[PDB]
Every structure is written in structure tokens, then in C-alpha cells.
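Q: Following this: a sequence and the matching experimental structure.
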Amino acid sequence: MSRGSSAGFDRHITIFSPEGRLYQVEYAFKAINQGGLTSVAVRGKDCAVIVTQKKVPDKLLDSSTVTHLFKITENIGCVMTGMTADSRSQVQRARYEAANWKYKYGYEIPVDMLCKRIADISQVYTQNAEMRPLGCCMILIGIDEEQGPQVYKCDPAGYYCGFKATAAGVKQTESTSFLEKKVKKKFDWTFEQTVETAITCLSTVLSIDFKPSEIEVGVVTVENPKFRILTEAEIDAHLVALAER
Amino acid sequence: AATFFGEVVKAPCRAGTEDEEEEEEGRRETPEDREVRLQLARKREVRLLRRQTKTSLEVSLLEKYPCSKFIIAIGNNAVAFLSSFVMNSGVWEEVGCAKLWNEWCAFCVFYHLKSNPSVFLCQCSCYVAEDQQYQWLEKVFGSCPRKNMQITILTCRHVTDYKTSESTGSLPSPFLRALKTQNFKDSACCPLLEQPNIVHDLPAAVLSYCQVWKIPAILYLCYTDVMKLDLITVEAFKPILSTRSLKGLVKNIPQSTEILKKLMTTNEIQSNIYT
Amino acid sequence: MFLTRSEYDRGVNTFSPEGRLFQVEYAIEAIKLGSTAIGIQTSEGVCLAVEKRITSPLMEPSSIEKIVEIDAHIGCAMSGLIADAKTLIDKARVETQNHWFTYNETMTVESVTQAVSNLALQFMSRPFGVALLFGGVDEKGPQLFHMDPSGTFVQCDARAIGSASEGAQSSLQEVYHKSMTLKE
Amino acid sequence: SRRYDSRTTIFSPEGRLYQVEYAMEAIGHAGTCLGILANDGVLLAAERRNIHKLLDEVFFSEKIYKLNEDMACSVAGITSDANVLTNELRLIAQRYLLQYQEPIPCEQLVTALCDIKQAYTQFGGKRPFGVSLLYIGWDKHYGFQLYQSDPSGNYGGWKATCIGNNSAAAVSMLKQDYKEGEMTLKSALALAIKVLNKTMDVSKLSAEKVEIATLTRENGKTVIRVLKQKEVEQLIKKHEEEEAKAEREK
Amino acid sequence: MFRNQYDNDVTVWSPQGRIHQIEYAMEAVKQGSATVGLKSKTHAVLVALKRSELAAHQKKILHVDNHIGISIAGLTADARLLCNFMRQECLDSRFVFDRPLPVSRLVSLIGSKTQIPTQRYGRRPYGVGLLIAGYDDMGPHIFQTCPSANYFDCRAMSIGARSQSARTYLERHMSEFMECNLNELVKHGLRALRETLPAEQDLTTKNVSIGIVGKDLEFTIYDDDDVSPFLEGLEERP
Amino acid sequence: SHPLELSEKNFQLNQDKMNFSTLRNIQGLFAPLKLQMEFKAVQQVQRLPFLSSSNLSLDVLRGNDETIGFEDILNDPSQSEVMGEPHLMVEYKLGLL
Amino acid sequence: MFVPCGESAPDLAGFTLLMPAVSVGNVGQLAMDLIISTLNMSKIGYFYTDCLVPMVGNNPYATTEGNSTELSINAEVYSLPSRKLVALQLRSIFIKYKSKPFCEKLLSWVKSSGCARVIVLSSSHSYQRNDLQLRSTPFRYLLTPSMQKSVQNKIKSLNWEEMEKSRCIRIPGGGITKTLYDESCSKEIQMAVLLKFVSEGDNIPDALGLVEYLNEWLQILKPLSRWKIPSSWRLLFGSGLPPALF
Amino acid sequence: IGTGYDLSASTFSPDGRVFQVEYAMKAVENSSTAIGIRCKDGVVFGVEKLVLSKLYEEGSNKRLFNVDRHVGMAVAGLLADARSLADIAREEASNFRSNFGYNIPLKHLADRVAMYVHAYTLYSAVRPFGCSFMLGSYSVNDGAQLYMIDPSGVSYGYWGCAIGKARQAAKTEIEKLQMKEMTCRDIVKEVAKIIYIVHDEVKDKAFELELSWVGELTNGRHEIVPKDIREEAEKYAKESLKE
Amino acid sequence: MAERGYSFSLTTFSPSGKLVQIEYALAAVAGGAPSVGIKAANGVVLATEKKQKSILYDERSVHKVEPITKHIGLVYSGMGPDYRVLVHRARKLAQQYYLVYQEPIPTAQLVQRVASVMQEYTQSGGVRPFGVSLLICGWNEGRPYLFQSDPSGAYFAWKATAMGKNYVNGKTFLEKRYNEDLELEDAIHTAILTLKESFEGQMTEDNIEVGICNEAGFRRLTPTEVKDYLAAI
């Protein structure tokens, strides 16, 4: 940096440790957890899904302005878990890079390739001494011509990977385990079934049998490859059906 | 603290413990290494000598010649006040002057009244280094602390040095504070310092010496927005004169303050780094 | 109730609690480490003199150090560091050459010291360890100046700088009078 | 010192850069490369340090990279540094062979990479390129030469020298048993095995744990010629035959 | 004592939650000498208390353009930089738009100029406050700037050394100033400057520059014995 | 010489400039600022001028990692055939020349 | 040396010396301030020496306006003979090639005074720290070979970790601590060198945790408001912001 | 704490916190409160503005900068940095009215300048902005909108948050109040009242509070509350502290 | 001693002449995902362990064994981000080489160029080394080739090697096993068994990945092929 690097193994990102660790990327994973919410994605036959429990602590804070569900293009969503400013900034970067890809070629960025791009941008942040990771966990969904629903997650440390269910944030690992056993006994989940799994994973690990305004369901289908999040009525009807059966 | 983009750099210390570890080393106690810091030791000493004998003086001034008061001044403005008020009258024959070097420094001259060899004076317009301050107390005080000697320490401080709930600019451009010793049975005159407030350097060295050997001493601390020859600072050393500590030493304030007019108009060649 | 080792005096950018940039004043101590240079502006011109502090009778006294010419009317007397003097002599000399190659006029002494304080005041990554003393008789008439570490200039009638800056400026205070001749 | 030992811009009270002296220490811990300038040529004998049973060699030489027709170098120190430095040695030589159509005279090429390595001390934020290289050479000016370069840029010329491990030791053995003017490449290759065998304790210089390259001149063409396994097997068994003959003599 | 760690950069915060090196630049105003600046409805006056007689002529009051100038209290490298910048702003306003530059606007330009350093590494706050006195269509102006990037509009002010004395005078007679002449307003400024001075010292047409712009008046720096006529009328420190 | 001379000389300049214009106008002032601060940081990490440098961080931040041009594959600067003095080359980059 | 604030020097035999061994960001000195103010350790006098940089003030711990009068000294020392404790107090930075003199003076003084099981409160760095030590508790001890067997066994019944001996002990931070323990071992005077691994700036949590570490072992409080502070613990980021800002 | 991890903005702490931004949130706190309650009819602002000198010519030390026409702002922490982000917002909205042609959405202005604050909270060298600000707009087609932008650089809208000093005090008095079927003037009385409540005359000096608003009253363009109405609100405020 | 000043900075040498950030980037390698390169008669195998062994993972996404040109690929132990950007570069330089010399880049040549990236990233200050090592294999000139590039940028030809975890144990087992004449039908089994030494669980097409070079060129083995090799051993 201008001020420079920092004497100590966990004090700068361009200093390796005796064991061979970079520790400020591990504290960017602590910044995922500092977020204070859990996200769960669920891939299926027809749909990819991304649900997250909701918080808006201040009555005054208009609840319409406060979400973790964004889109990058029409066809491809994300949900975030981690620090608000950094997550909005990573969403904005994904838009620039999706548009760059499309400008360069004339067909839109794949989910996996946008995740790869953001992971390479993160790799550069973590190799350079001026910049730091964006402490935010982007979980892209979207339908691919060939490969169908694509549930992929990209990290502050800058590792990208594909999944058939993802969980990130606070209960990250608890919900990963929930989803392992759901997916172990998967029933080629359609729109309903994927959203059910995702909602109720968060409603198990956080233990919050939600109201429609205590979750946020983003979801895309082969039917409607436009990424499109639920209304209060729709996400309510889901929870009501999970309570009924 | 990086000379190139991404230099592994460490913080400045409050304790200088890495410097204590450098002490340990002594540059791996190498013969040339220890020799050249002993060349720096004989560079960075004090050397009490008077220029009537034109020799050097050995042990004491205060146990060598009689001491009844000993009137200290630690700063331009402190020595300007003793030049102005105490020594508008009297001979104050020189017996001593600490001859020292440090990076920053400037005279350290000792006197005592001809009428009363009893009553004593110092003018330290220079700075004495942290290592040389105990050497300075091993010169003028020497050994055999009396506890029969009113050590009237005056010192010039910066307004900013003072700890307070208001800002350092919100403080009044001048004031002075005291800190006086268990023994010292006369007025603080000014308010004594606050609990958070501390002193260090030679004035502290003198008052701390005095306290451990239970001697009457007082440390007047002129927390003024200037650190350079100023009428207001030396007339905020005023209060000292109208206490026991400096009562039989001051004379004729009209004479004194016309002499202070002179002190101000002595002037500098002051550098062109502010206008 | 504890003593701290806080340093504002290693960095030229770093302000003391009082608001002092110490490294500039440590470069003023480097002017004082250099050689005394006495200039006296008069009604009938401006003089610069300066000590060479020649040490050995092996070093060549015939050679000229410590004083320079910049155009026809202006030169300056350097004092502090000759290595640092050089780069500000070059500024003055090239920018007044350029004045004569632009306007066909030789640049005023105040304007040459402006040009020099543009090459200075730019910390070179340290407060310039030279004071120059710009004595010219321009269009306007005789003029002495003084430059310092901080980079700025200021106008003079009688100035002594260097080794005995204030030792020799107090002599000037008694000696110089407004109606000085250049001979005087 | 504990200070003045960081940035390779920061002098000591003495006037020492300890950074650059630690780059010399990094040569200290490297493959012994023993060069012996001769009459007939100039040889570049070595310790072939890395000789693991699974480790493969798909290269022409191990530590010995050739520069142009008329020059070659060796490597003792930091391996990655050396790779880029030995690519740079070829490219320097070729630019002179592009402008003046001559194979670079030897001093020029050594000096060129020394200026590179002297920048890599001068400018702080760079690391002192921690390699020494022993340059066997022929040129039209100075017949055959041996050279050295250092991380500092400090470079020399030699009748016999060493870099790497037991290097001062090896130079002592050369100063005993080298005879400037009498020393044919034959007797230099003999001295080379001798001194390697005497300075390091590798069975009886195992022929896959040494390597030589002989820069000679044949029909007015410079011939940079690696010694075969066979041929250093011949030099070492003959050294050992002489050792045994002398053991019978004593 | 803990502020130690966080006081030695301008681009680090403290646990306490304040940058101390900006506050230290705002102490470096005080290392320079006491400039007064006060205005009426006709004129905007400045005065400057000039700290040898032969050496260090000390040009505290500086002229920026016809309609505008300043007086200087603190770091003089920075004083120069800031003044020279303002000269360019006004040059360009009279080169393109062929008008004066508003004083408010020009002090805002200096504001943002002096914020860049504080929010940048390798930089320090311009260590000087100005008293930026112009005249516009609006009327007369004084505009205190601080070593910190924030700045004020004023009808009277003093900045520099033991300058509270002046500030106090300028509050006591604040009302007078609005409806004063050129020379009345000046004597008021000089009596603030004289309140700063010790009682043993005085103005004595020596440590007086006076930098007045106004309605037809351009910013004119009365110095040496062009200040004598203003100090003729002023009388009785009491 | 040729029209294309300068069109190619300042090709990259007068593209990333256009990228920053687009981002200013759509995303906001912040978006150029952020990209700029990344680029300048990762091109304060290369070799000294006189050695040919592989700036993997800057290239992948531009998206050049997976894209070749004539820039790459003509007039090979990595086998440059014309180099100066190491020290004087570095001075030029510092701005001492 | 030790000089009393009264006529005679109190007898400190059957006691423990506790210390601040001037360390990284005055962690050991702020720790010793808590203890002197909480146990109400009362001045026996001054460990007056040429080794600390001289300073004065008022009594840090000035609960009353009669205690406000009393004068601070670079090297103070206190006692609670109820608990046979003495608490040395260092208010100061150290002088170069004077730190080992001080260590010698103190170990000689405490051996001659009679105080047997010496203690230190110090600190080493939280950087230049092993991955294991970064992963573990910050708080270490370091008890001398001489130190009593019973109380060594007590330290292992508190299940503490001992200062890593990168070799030959190191105390990376703690300037006089390292040399004092080395000399304590040479003396065969008993000492227990308690420390924390710390970063610098705000070192009150460090102090409070390190006196809780002291209290876990020596039970100078009931092993568990807890710690009174000095009255001088005020304006501890200096004076207030000026009005212009914020 | 994180006292090893609060020396640059490019560091995280053991539990993934940056402390530069949290001390830029200590920075906003240092400054006296600025409140403002989104009404049914546009927005109102008040601010606890602490007049420093009487010398300073009324207009000085402003807390209520008017970014654009449709929008104006209410600031705390540093005034330097508040004006910096006022000028960012001003420029953002100006070039939006050049590009798209029409008044920038308050939401979009707010997000833009929040991401600009975030740009300064990433890169070690530069420090975060030492302040929060609160944009507020009315349109006839859009309605009342309030957006509040942190020293860290986030953007959520509110119905009446505060920034600065006694700003949880203010928050709790704004949710002791309804602002849903209330107009400019109704709320401007309550806003004066809440500045009065939250202000401390024991700690702070003479406060010349400033009341602004936007709404149908103003013609969806930010104005300063007329002396008459502001003085009647400040009378109501004095009387509600008397009661 | 601690000597920690030297072990933070990558531009420093140590008192004894060590480069310690290199060693700690090789410590990042030596806490990696076990890989085994066995250059056999009929081509090389790069049989490796997957850092996922999960119920939740898309098989088609992530590959330890990536091609660079047809005939080359490589496998890694240490860092995934770092690996991925290094092989984006590798592919570039192969295609640059094929636009300059119109010759499919030799395995040796490519290895030099990607290890010259590694060279720069230990050289300069205000960067870190890459914490990943690369078994860059491939087939040229009727010959199999395997190499091993490092964090430092030192590269060496291999007949048989291993990296990552229990990787010295890897090379011990593989010194006992590998024959010079061992052909690739038997080297894939040998590399599977070298993984078994350095494995934690039950080994399946999921929990390892394999990818091989040949006469033909480089590919990755299908899950089917990998489990069939595990069924055959």
C-alpha cells in the first residue's frame, strides 16, 4: 500500500504465516458471518432458488429499501450474506463484468463464468497489498441453454465453485448439513419443491417458522429464465403450504 | 513508514522496549561499538566549570558554597524572568556552569548573591538530556542532600502540554501551574497540576531528587501558547516573585519590567516558515 | 501517568501537538551547519560576499564556490549544501534565460525567487538543505532576498545567513544604514 | 546488524549493506561450481547437486546455461532468479551480435548483467538477485577467460575460482595445485575433479553428482562441450588411480 | 497518551474518533501572527500584526486580484500555495466569463483544495488559516479559512497568536463595523490588533499592514507609512 | 507515418477512458474511481523497466487473461532487441530524466 | 536503590515484590495501577534510580484532596503488609544502557529486603507471534527454576501456558522483563513473570485481564467494580476536539 | 477491541471488522444531532446546530446543504467531509439531469454517493468520510422519500432516523410520534420539539437550530422553513419542554 | 531466536541467507490437495484428491486437471484462486507461442513461462508469491513429459513425483513402486495407489479426479473411467 504492509502474519494479506496461511481472507470469511443473516440456495430439475431470512430492525427504516436479493442481468440473480456496503459493491461489479462479457461477445455471461470473474477480481484483491476482499458471499442463480439451473457461490478469498444446494452466512454450515441430507434424498425438485427446501432449511437452522416478511425468496425457472423474486402473497402461500404439509 | 509500495513496517513504541533490547546488545558488545558509544558518552555528559578559576569544578556548588535558596530556571522565558526580576539588583557572582552537548543544545550557568552566598541561582536556557539530568544533579547538588535549601524551580511549558476536558486552543493562551514537594511548606501560589497532568526532563529531575531526600522544592510550569521570549510569559512568571520562594531575590518591578522591555527587543532573525 | 516516545520529528509531513514540521527546522540547522553568506542591498546596487571555509593548502582556492551568476544583473550566494544549491541555481538561470528568450527582458529579482520557490517547496523528497541569497539590480532597482528549507523567499535590505546567520546579522543591524553605497 | 539490513538502500555506521551480504550467504548455500581457465580451453566443473532416483533430466545441462557460440555460464544461488538471469545473459549477447555482428566479448556480457544486479541493489523494493555465475569465455581480445559475478554486481576474472558450497575451500585447493602457464585443459580437468573431490565428500565424485563443460577452440570455432557421464567417470577413476598409486608411494 | 498510535497519520482515525493531525494543523495557525479581518457595508478591511527591521520583511497581507485579497496566520509555504491558487481561479473567471469571482465561491474552492490532503496518504493539512476579504455585487466580505478544510463567513474575526484579545474587541464593537467608514472600520481593526499586543507594545506604524477592498476601492495593501494616516485618528489604548 | 500509428499508440487509453465514461454515466462516480485504484496498485507491482515483466494481476483485472491481440504477437518486446542502461532506464520511470 | 518517604525503610521479609516491568504500550504499568488502587497499596517510599527517565505529577490514586497534594515520582513503591505484598511502580520510559543496571538493583534490593516469591506484570507482542500462540490464549507466565515447587504445581493446576522459549527464553516485547528473569535465574531469587500478547494503543483491557491473571493465581482479590482505577486515569486520548471540527 | 487492526482500512480484525469505518462512525457521533422526519407530505429536516462564535456572519457553519433542486440534505460529523459528499451528490444528480434528462431518483443519488463513500473505506491509503448525511426529496409522481448515507457507505431509506450525537434520543422521540398522515408543518413543530428534547444545554452552548423541508408546500423542491413557521415550531418546542 | 522481521518481507534475505516468504508459500503448497504426477511410457497421469468429497457439488463445474493446449495439462496442490489465474495465463502463452512459432508449445517452454510469472511474484515488493505448485505434463516429439513448477518459479522434469499432503510419503511409496518402463495403463493405478497413501475417507470418482496425457494429447478421465480404475484397484 501507500502506508505499506504490516509486520505480523495475520496483519496483512500479502504476508504468509509459519503454517502457510493468509489470515485476512479468513477474516473476510468472518465478515460473511458478521453479515448477521443466513442465505440458502437450492438447485432442482426446473428451478434454481436463493432464499435468505430478513432483518429490518428500525421501524422507521422503510422495509422496501432493505434486501439481500439483487439481479445482475434479467436472467441471472444473486443473494448476498456479509457486509451491506461490500455486497452492494460486488453486485455492482458483477453488473459491469456481465455487461463487459456481453459487449465483447454479443451473448450474456453464464452464471459460472460471472462467479469465476468475481473470484478472479477477489484473487487480485488478496494478492495485492493496497486492496482488501469485499466481505460478501455472492450466490448466483440462473438457467443455462445447455446445463439448466446453475446454483454457484463465489467467496471474498476468491474461490468459485458449482453446487446443487448452497448455504452461506451465519448458519452457513448447519444449513449445508440440512441440505446434504435433503439432496441425498432429492426428488428432481420443481419450482415449488426447491423453494420449499430452501425456505424450510433457514426455518430449521435459525428455527424461525417465518412470516412472509421474515424471508426473501429469489428464484428462476426453465419456464421463466428471467430471475424473479416472490411477492408477500406468494412467499406467504409457500410458508402456509409448508405449515399445512 | 514505507519507502516502497508494501514495505513491512512496525508501529512507534510508548515504552521503547526494542531500544532496551538494543541496550542489551551494545552492538553485540563489540570493542569498536562499545568504544564509540563511550565517545558519545563523553560527548553527552555535563561538565560543571566556572571561569574565575577557569578550571573544572568537581563535587558540588550547594554543599561546596552555602545554599539557603537555589533559584532554578528551565527555559528561555524562565531564565528571562531571573534576568528580569531577581537580577535587576545584586552581584550574583558565577560559581559554576554545566558544559554539555545534546542534539538540541543555550547556557546552564550557576550563580550565588555576593550579599548572601547563602541564596543561589541557576539559568538553564539550554536543554539537558534524559541521561545528563542525573549527571547534572551529580554536579550542582552533587551528594549530601541538605533539606535546608528552598529549590525554587521555574519552567516554561506549552499550552498544548496541559491535559484538560476543553481543547488545547480553548485553554487561555497563558497560565502557570505548580507541583511542590512533601517538605515544601509555602504556597503553591498558582493551582497545583491535575491528576492526568505530569512533567518530565530536568525540572522533574530536580523536584523528584528533592522529594526522595525530602527537601523544600516547587516546580512552577508556565503553560503558555509561545515557547519564545514573550512579555506575557515572563509576567506569568510574575506570581513567583510575590511568594516566599522568590521574595527576597526580586527587586524594583519598574526596573525589572524596563529590563524585560530590553529582553523582548533583543529579538531573533526568526526563520520564514510562518508569516 | 506514564511517559510515551511519540515522534513527529522523523516525518516532514507530521505536525507536533503545537503544529511544528521539525524536519524543515532541522534543515534550518543544516543551513547553520553550512558557511556564512552576508549580502547587503544598497541604493547604488546589491553586494553578496560569503566565506569559502578553505581548510587545507592542498585544496585549490583559485576555484570559485559559494556564489553564482544567474543573468546579467542577478546572482545568489549559497550557504547550507552546495549539492542542493545547484538544482535551484539551474532553475533561476534557465527560467531567466527563458524570460530573455520570451520577452527579451531579464527577469526581476522577486520573480527569479518566485521561480526558485517553485522548484523548492516540493518535498527532492526532503526540505532543501540550502539557503540562497538572491542579490540582483533589476528593472525596478537593487534587491536582496533570502530562501530557506520551507521553500519560500522573503525580501531583504541587509541579511546574513549560514554558519553565523544571527552572529553576523546583528553586526549588519549596527553597520548597514539605508543610504549605504555599494562600496560600503 | 539488527538494523541497516532490510531495504538494500540503508547503509550502516560502518558503511555496509547487510541485505547484499545475505545474498552472498545464499550463494554460500548452493551447488559447488568450480571453474579452471586452461591453455587449450576453459572448463566449468560442478557438483550436480539434485540427483534423486525419481528426478528426471530432459535438458542438455543442469547448472550450465550457454550464452552464445563463444560463451557459457554456471549457476550457484537462488534458482528462479538464476533462470531469468541466464535467459537475460543470452539476450544481452544477441543484441550486441545484432548491432556490431560480433559474439559479445566476455567482459561486456558479464558487466551488462552486473549493471542489472547493481540496479537490483540500488533500488529498494527490489531483492538483490541472489545468484553468482562463473562465465567460461573465449573472445578475439583476451583469448580464453574464467569470470565470476555476485548479487552486488561486484565481478572479477580468474585463472581458477569457485562459487557455491566449500567455495573458499576449493579456491585454496586451486591456489595450492594450479600452475598458471603450464595448465592445459587436460591437467585443469584433472585439477577440477581433484579439487571438487577434496572440497566436498561425495563418495568418489559419483559421475551423476558432478558435471563439466569445456569451452575450447577447434578449427577457429568455439566448442562449448559438456563432459559425458563416461568422460567424468574416466577423469574420476584416473584421479582415484593416482590417489591409490600415491597411497602405495606413501 | 493512547492517541499516540493514531496522531502521526492524517488518514487514520482513533478509538476516541477524531484525526489529531488535522487538530495539530489547527494549532499551526497559532505559530503564525495575529491577522484581524472586519468589514462594513462599503469596505472590507484587513489588518496584520507583523512579528529583523532589515531582514524578514514578512508580507502577511497579500493581493489576489482587483476585487480580493487575504492576510496570513500560519505555515507560509501553504499561505503561498493557497494565495497563488486563488489568483489563478480569478484570472480564469476574468479570462473566460470576464467578471470577478465570488468570495464565498473562491473560499469554497480553497475549502475542497484543503480537504484532498487530509483524506489522502503522503499529504498533510495546509497548516495555515486565511482571512479572505473581497468585495462583490453582494457587498463587502470577510471569510476565515482554517488549517482544517472547513471554513467560515465572518463580519469580523482574528486568527494567529494570542488573537482571542482581538476576537473579544471585534465582538464588543461588532455592530459599529457594519456602519463605519473606510478609516473608522480600519481603526476598529487596529484596536483589535492592539488588544492582542501587550500594553507595553503598540501599533506605532511599524507592525501594521492594512489590506482594504470596497465599493470602487480595489484591494490595496497600505504598509510602512501608508498605515500612518489610518493610525492618525487612533488614540488612547485606554 | 500512418493514421493507425496513433489510433494504436493510444488504443488502450481511449478504451478504458470510454469504460470510465460509461460507468460514470450509469453506475456513478464511484465505479471508475474503484477500478482506477485497483489498476494503479497492481501496476505498482512489476520488474524494474529494463527486465520484461509479466503483470498477471493488471491483465486479469482488464479481462485480457483470455484475449490475445497483435499487440502480443508482433514486435516481441520480451525479446526486445534494443535496451538501455539499467540505472538510467529506472531513473526515467522515477522521472529523474 | 530504595529510599523511604519516612525515616526508616519498612521490612519487606515474608513478602512478594509485584512489578510493572515497563513493557509494550505500558500494559504492565496500567496493570500495576489497578492493583495499587484496588488493594490500597500504601507508599513505603521511592525506588529512586538514574535508570528511568525522571518525571513528577500528583499521586495517581488520589481518592481525596489530601492525596491530590502528594507528588508522583518516576520510581515509586507501595505495600499492603496485611497480605505481605509490596508493589513497585514505574511511571516512566527507560534510559539506554541503564535497563540492566535497574534489573540488577531490583533483584539485589528484593533479595536483601527479604521478599521471596517476586512477580512481574509485563507484555510481549500479538504480532511476531507463532500461529499456535495466535490460536491460543494471549496470557503466558514464566516461573524461575528457583521459584517454589508448591506454587509451580499451582500454576499447572490453573493449567496455564508458559512463555515460548524461541532458542533460551525470549520475551519479544517487555524491554527489562527478559534481562530481569535471566538475572533472577543467576541470583536464584524467585520470580513469576506473568504477561499478555498485546497490540499497542488502548491497553486497559490488557491491564484488567493481566490483573485477573495475577488474581487467578495469587488471589489478591476473591478469585472471580472488580478493580478500582486511579483518579489520574482521565483524558487518556489527550484533550478534547477543537470546536471547528465535528 | 482491535488495536493492531485499526491502523489502516485494508485490514480486517480476528472477527472480520474494519475499525477505520467504525471510528468514522465515532466521527459522525462527535458532531451534534441532525434529525429529519419523512412526512405524508414530503420530508422535514431539523438539526441541533451549535453556533460557535457570534462574530461568524449568519449563513456560516451550515448543516443543511441543497445538493439539487428536488432534494436537500442534513449532515453531521465533519463539515469539510459533509460538503465533499454534498458536491459528489450535486455532480451525480446534475449529470443524471444531463444524461436521462430528469431529477435523479433519491434512491439512486443515495446509492451512488454511498458507493463513493465505500470507495474511500476500501483502499488503505485514503480514510473513510468522517460524517453521515441525510438526503430528502418530494415529487408529485414519486412522493415523500428520505435516504441516510453512513460513514461506512451503505444506503437504506427511512421514515425518520437521525445522525450525530443525541440521535438514538431523536429516533425514540420520532417513534414516540406518527409521520404517516402528517404534513410538513405538523412534523416541523415536532422536529423543532425533538431537536429541543435531544439537545443538552448543560453539555453544549447556544444552539441556533436550522429547520428545512420539501413537499407540496415548497413545490417538490427543498426549501428552508419560513422564519414565521420555524419560530412557531420553536415556540411549540420551547412550550413542549416547558410542559 | 524468532527472526520474524525476515519472515514477513519477501524482498529480504535472512542473516544466514534464506528467503522465508517463499518457504511459507511452499508451506501453503505443503498444506495442499494431494496430487501425483507419474510420467509413464504411453503418457503421464495427474491423479489427484478433490478438496470437495461432498453430497452438494456440481461435477461439471470444478476441475483440478485442466488442459492448456490440446497435448498439455497440469494439476495443483495449495491455492485454487491462484491456480485458476495462472492457467488462464498458461493458455494465453501457449496460443501466443502458436501465433509466433506455429508449433504447439513444448511442455518445457510453457513451464518456463508460467514459472517466470512465479519468478516475478517472489522478486517484487508489495505482492505475495503464489501459494500453489503445478505438475505441468504433456506429450511432444513422440515423448511423455512431466514438470513441477513452484511458488518460487524453480521447475524440474520428473519421471514420478507427488505434492500437497502426505506427499513426501507419496514420493517414498512412488520410489518403491514406479518403474522406468511402467506404461500408462499401470501408472494410472500406481497414481491411484499413491493417493491411497495420502487419502482420508473412502476413494471414489467423486473424492478424487484423474487426467492423463498421451500420443493423442491431454484430457481428464470421466467419473466412469476413474471409478473403473478404482474398481480395477
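A: Looks like it arrived, so ask away. Residues are numbered from 1 along each chain as shown, chains lettered A, B, ... in the order given.

Q: count of residues packed around whatever residue of chain E ends up closest to chain C?
A: Going by C-beta to the nearest C-beta, chain C is nearest to residue E:28 of chain E, at 2.8 Å. C-beta here means a position set from N, CA and C on the backbone, and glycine is covered the same way. Around residue E:28 there are 26 other residues, counting by other C-beta atoms under 10 Å in any protein chain shown.

Q: just the helices in chain D please.
A: For chain D, helices defined by DSSP state H occupy the ranges D:18-28, D:79-99, D:106-122, D:167-177, D:185-199, D:229-249.

Q: Kindly reformat the ones you listed as TSV containing distance to residue E:222 and mean neighbour count.
A: Below are the helices of chain D laid out as TSV (distance: least, C-beta to C-beta, whole Å; neighbours: other C-beta atoms under 10 Å in any protein chain shown):
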stretch	distance to residue E:222	mean neighbour count
helix D:18-28	61	21
helix D:79-99	70	19
helix D:106-122	56	22
helix D:167-177	81	16
helix D:185-199	89	22
helix D:229-249	96	14
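
Q: So for chain F, which of those helices sits nearest?
A: In terms of C-beta to the nearest C-beta, the element of those nearest to chain F is helix D:106-122, at 3.8 Å.

Q: For the closest one, which helices and strands make contact with it?
A: helix D:79-99, strand D:136-138, strand D:144-149, strand D:155-158, helix F:86-94 (3 or more C-beta pairs under 8 Å, 6 or more residues apart in numbering or on different chains; DSSP states H and E).

Q: what's the angle between it and helix D:79-99?
A: On the basis of axes from the mean of the first three to the mean of the last three C-alpha atoms, to 10 degrees, helix D:106-122 is oriented at 130 degrees to helix D:79-99.

Q: how far out from the middle of the chain is helix D:106-122?
A: Here the centre of helix D:106-122 is set off from its chain's centre by 16 Å, with C-alpha atoms, centre = their mean, to the nearest Å.

Q: what does chain E have sitting close to chain C?
A: By C-beta under 8 Å from any C-beta of the partner chain, the residues of chain E that approach chain C are E:1, E:4, E:7-8, E:10, E:21, E:24-31, E:52-59, E:74-77, E:80-81, E:122-125, E:127, E:147.

Q: In helices only, show me those residues.
A: Cross-referencing those against helices under DSSP H gives E:21, E:24-28, E:76-77, E:80-81.

Q: What about the residues you listed, which one has the most neighbours?
A: Of those, with other C-beta under 10 Å as the count, residue E:25 tops at 29 neighbours.

Q: is stretch I:82-99 up against chain D anywhere?
A: No - contact between stretch I:82-99 and chain D is absent, the nearest approach being 14.5 Å (criterion: C-beta under 8 Å from any C-beta).

Q: related to what we said a few turns ago, now for the helices and strands packed on helix D:106-122, which one comes closest to residue I:118?
A: For these, proximity to residue I:118 was assessed by C-beta to C-beta; helix D:79-99 is nearest, at 6.6 Å.

Q: What is that closest one packed up against?
A: Where contact means 3+ C-beta pairs under 8 Å, 6+ apart, helix D:79-99 is packed against strand D:65-68, strand D:71-73, helix D:106-122, strand D:131-132, helix I:107-123.

Q: neighbouring contacts of it?
A: Here helix D:79-99 makes contact (C-beta atoms under 8 Å, 6 or more residues apart in numbering or on different chains) with D:65, D:67-68, D:71, D:73, D:75, D:102-104, D:108-109, D:112-113, D:116-117, D:129-131, D:133, F:51, F:79-83, I:112, I:115-116, I:118-119, I:122-123, I:150, I:152-155.

Q: Please repeat the previous calculation with a cut-off of 7 Å.
A: Contacts to helix D:79-99, defined as C-beta atoms under 7 Å, 6 or more residues apart in numbering or on different chains, come from residues D:65, D:67-68, D:71, D:73, D:75, D:102-104, D:108-109, D:112-113, D:116, D:129-131, D:133, F:79, F:81, F:83, I:115-116, I:118-119, I:122, I:152-154.

Q: Run a quick neighbour tally on the residue in chain I positioned nearest to chain C.
A: Residue of chain I nearest chain C, by C-beta to the nearest C-beta: residue I:125 (18.2 Å). Neighbour count of residue I:125, defined by other C-beta under 10 Å: 26.

Q: Now the phi/psi pair for it, please.
A: Main-chain torsions, residue I:125, degrees, to the nearest 10: phi -110, psi 140.

Q: A helix includes residue E:100, no?
A: No - applying DSSP: H, G, I helix; E, B strand; the rest coil, one finds residue E:100 to be coil, outside a helix.

Q: And the residue lying closest to it once chain neighbours are set aside, how close does it get to residue C:71?
A: If the residues on either side of it in the chain are set aside, residue E:100 comes closest to residue E:67, at 4.3 Å by C-beta to C-beta, 6 or more residues apart in numbering or on different chains. Here residue E:67 is placed at a distance of 35 Å from residue C:71 (C-beta to C-beta, to the nearest Å).

Q: ok, the two, which is more surrounded?
A: Shown here are residue E:67 and residue C:71; by other C-beta under 10 Å, residue E:67 has more neighbours (24 against 18).

Q: Test my guess that the more buried one contacts residue E:137.
A: No - assessed by C-beta atoms under 7 Å, residue E:67 is found out of contact with residue E:137, at 10.0 Å.

Q: ok, back up a step: leaving out sequence neighbours, find the closest residue to the residue of chain E closest to chain C.
A: Distance criterion C-beta to C-beta, 6+ apart; nearest residue to residue E:28, sequence neighbours excluded, is residue C:19 at 2.8 Å.

Q: Noted, bye for now.
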